[PDB]
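Quick note: residue numbers are just sequence positions, from 1. Just so you know, these numbers use all the heavy atoms, side chains as well, and skip hydrogens, waters and symmetry mates.
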Amino acid sequence: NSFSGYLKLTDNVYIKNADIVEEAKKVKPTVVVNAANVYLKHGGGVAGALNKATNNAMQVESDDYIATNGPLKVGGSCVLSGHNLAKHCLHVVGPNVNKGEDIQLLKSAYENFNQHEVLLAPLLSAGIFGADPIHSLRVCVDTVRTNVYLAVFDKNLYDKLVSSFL
Ligand SMILES: CC(C)[C@H](Nc1ncnc2[nH]ccc12)c1cnn(C)c1
């Protein structure tokens, strides 16, 4: 958990303009959060980037988890291996609002973070899930009480987030 170059937004939320994969390789955190879907199919976005950095080990483990346990619920999570990136990966499903899933579930999704003292995480429900990323940071700030280090891989978005937060 040797995080460097973060900006502290609140007592427990830090942010950096960085690729979460690169942060995980440098820091080897106890927990890295994946922005997952309910079948843990890591096709693109943050999920595809984390799985590629494990050379598909995350996807083979995820497929075995789903065959044995079934899919997650939207707003839910599971803990699996972090492989080479972290001790553990917390796979968290935020709502895909472009598919009609309720934006209320984004609070439930961020509540999963409170089971871990320190986390390296992305913005949930941003990207293909369709939520406004600044709204996602507001729900993170209002919901997460443990120590969260957010990596946002887009300098334009990072500057909008920092400016909106102050
Ligand atoms: C908003 C965007 C910058 C963010 N992407 C990322 N954020 C952080 N590390 C990353 N590595 C590769 C992509 C990536 C995103 C995409 N989908 N979701 C749910 C979040």
Side-chain angles (χ1 to χ4, degrees), residues 1-37 40 42-59 77 79-98 103 105-166:
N1 311 308
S2 16
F3 298 103
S4 166
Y6 286 74
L7 178 66
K8 186 168 194 151
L9 295 181
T10 72
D11 277 355
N12 68 284
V13 181
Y14 303 80
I15 191 165
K16 187 179 176 174
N17 168 221
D19 180 351
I20 191 168
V21 168
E22 295 298 313
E23 289 294 300
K25 293 193 283 187
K26 291 168 178 186
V27 170
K28 178 65 146 161
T30 304
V31 179
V32 66
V33 173
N34 181 32
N37 55 34
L40 305 182
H42 310 305
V46 165
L50 286 169
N51 176 62
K52 174 178 179 198
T54 77
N55 305 102
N56 214 50
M58 172 181 292
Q59 186 68 75
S77 71
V79 180
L80 290 174
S81 182
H83 302 277
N84 52 302
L85 301 179
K87 183 171 193 170
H88 305 290
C89 176
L90 179 70
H91 297 269
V92 178
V93 183
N96 183 322
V97 305
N98 285 358
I103 189 66
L105 295 163
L106 186 52
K107 173 184 171 191
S108 308
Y110 275 115
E111 287 175 343
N112 297 283
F113 285 30
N114 289 326
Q115 316 297 345
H116 301 279
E117 273 298 305
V118 177
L119 316 89
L120 169 59
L123 281 180
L124 306 174
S125 290
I128 75 123
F129 292 75
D132 180 89
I134 311 177
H135 175 72
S136 182
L137 180 60
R138 293 283 177 213
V139 178
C140 183
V141 162
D142 285 344
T143 307
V144 179
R145 289 186 299 283
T146 56
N147 302 297
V148 56
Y149 290 80
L150 296 168
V152 174
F153 194 24
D154 181 332
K155 174 62 151 54
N156 301 112
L157 175 57
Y158 172 88
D159 287 346
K160 282 176 190 165
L161 293 171
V162 167
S163 173
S164 287
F165 209 83
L166 173 83

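- Counting heavy atoms from C-beta outward, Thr30 and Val118 have side chains that stay 4.5 Å or more apart.
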>> Please evaluate residues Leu9 and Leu166 with respect to the criterion side-chain contact (heavy atoms from CB on, under 4.5 Å), reporting the C-alpha separation (whole Å), side-chain torsions for both, the decisive distance (0.1 Å), and the verdict.
In response: CA-CA 7 Å; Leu9 295 181; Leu166 173 83; over 6 Å; no
>> Please evaluate residues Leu106 and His135 with respect to the criterion side-chain contact (heavy atoms from CB on, under 4.5 Å), reporting the C-alpha separation (whole Å), side-chain torsions for both, the decisive distance (0.1 Å), and the verdict.
In response: CA-CA 10 Å; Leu106 186 52; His135 175 72; 4.2 Å; yes
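- A pairwise comparison of heavy atoms in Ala151 and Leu120 identifies CB-CD1, 4.3 Å as the closest pair.
- Side-chain contact between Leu137 and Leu150: present, with at least one pair of heavy atoms (C-beta onward) separated by less than 4.5 Å.
- The two residues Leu124 and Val92 make their nearest non-hydrogen contact at CD1-CG1, 3.8 Å.
- Across every non-hydrogen atom of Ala86 and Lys28, the tightest pair is O-NZ, 3.6 Å.
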> Are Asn147 and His116 close enough, and set up right, to give a side-chain contact (heavy atoms from CB on, under 4.5 Å), and what steps lead you there?
Replying inline: CA-CA 8 Å; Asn147 302 297; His116 301 279; over 6 Å; no
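- Within the 4.5 Å cutoff, side-chain heavy atoms of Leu85 are placed close to those of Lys25.
- Contact between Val46 and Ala35 at its shortest, heavy atoms only, is CG1-N, 4.2 Å.
- The main-chain N or O of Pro29 is never found under 3.5 Å from a side-chain atom of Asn1 such that the two would form a donor-acceptor pair.
- The shortest side-chain heavy-atom distance between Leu80 and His88 does not fall under the 4.5 Å cut-off.
- Smallest separation of non-hydrogen atoms from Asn12 and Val144: ND2-O, 2.8 Å.
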> Please walk me through it: do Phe129 and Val97 pass side-chain contact (heavy atoms from CB on, under 4.5 Å)?
Replying inline: CA-CA 6 Å; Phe129 292 75; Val97 305; over 6 Å; no
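- No donor-acceptor distance shorter than 3.5 angstrom exists from the side chain of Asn96 to the backbone of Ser125, with no hydrogens or angles considered.
- Of the inter-residue distances, the one linking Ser163 atom OG with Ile134 atom CD1 reads 8.0 Å to the nearest 0.5 angstrom.
- Of the options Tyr6, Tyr149, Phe165, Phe3, a ring pair (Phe, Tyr, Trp, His ring centres under 6.0 Å) to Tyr14 is made by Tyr149 and by none of the others.
- The environment of CG in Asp142 is crowded: more than 12 heavy-atom neighbours from other residues, nucleotides or ligands sit within 6.0 Å.
- Remark: side-chain polar atoms of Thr146 are paired, donor with acceptor, to backbone N or O of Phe113 under 3.5 angstrom.
- Between the side chains of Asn17 and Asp154, no donor-acceptor pair is found at a separation under 3.5 Å.
- Counting only distance, with no hydrogens or angles, the side chain of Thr54 and the backbone of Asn51 share a donor-acceptor pair below 3.5 Å.
- The backbone N or O of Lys52 sits nowhere less than 3.5 Å from a side-chain atom of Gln59 that would complete a donor-acceptor pair.
- You'll find the side chain of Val32 stays beyond 4.5 Å of the side chain of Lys87, heavy atoms only.
- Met58 CE to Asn34 CG: the interatomic distance, rounded to the nearest 0.5 Å, is 5.5 Å.
- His91 and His42 have their aromatic ring centers within a separation under 6.0 angstrom.
- Salt bridge status for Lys155 with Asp159: present, with a side-chain N to carboxylate O gap under 4.0 Å.
- In this structure, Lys160 places its NZ atom where only 12 or fewer heavy-atom neighbours from other residues, nucleotides or ligands lie under 6.0 Å away.
- Here the side chain of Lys16 pairs a donor or acceptor atom with the backbone of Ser4 at under 3.5 angstrom.
- With a 4.5 Å cut-off on side-chain heavy atoms, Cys140 and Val148 count as touching.
- Under the 4.5 Å side-chain criterion, counting only non-hydrogen atoms from C-beta, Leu50 is not in contact with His83.
- Between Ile20 and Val152 the shortest side-chain heavy-atom distance does not fall below 4.5 Å.
- Contact record, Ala109 with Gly94: CB-CA, 3.8 Å, taken as the closest heavy-atom pair.
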